[PDB]
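Each value in this text was obtained by applying a stated rule to the coordinates, not by laboratory testing. Note that we place each Cβ from the backbone using ideal geometry, even for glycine, and neighbour counts take in every protein chain shown.
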DNA sequence: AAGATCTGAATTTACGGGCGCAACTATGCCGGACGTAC
């Protein structure tokens, strides 16, 4: 049944238990942004550190 | 004619390159020589 309108969904859905795994790659560990900050000492360009 | 030379044309080593970026980790350069204290 459609959770919003409560109407029956026309086609019948394949549903059941399944084993799922959460992988270690969270979004908070891979989100970053820069405006300006720690440039290099030699190239005078942005660097990771 | 013969040759030696000799000068342009077939075969062997030898550098030098070898995906975009992300992310994370973990590891790194002494031995004699001279003094001082006990």
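If we count other beta carbons within 10 Å of each Cβ, what is the order of A:47, A:26, fewest first?
Taking fewest neighbouring Cβ atoms as first place, the list is A:26, A:47.
Grab every C-alpha pair in chain A, bin the distances at 5 angstrom width from 0 up to the longest one, and report whole percents.
5, 11, 11, 8, 8, 9, 10, 8, 5, 7, 9, 5, 3, 0
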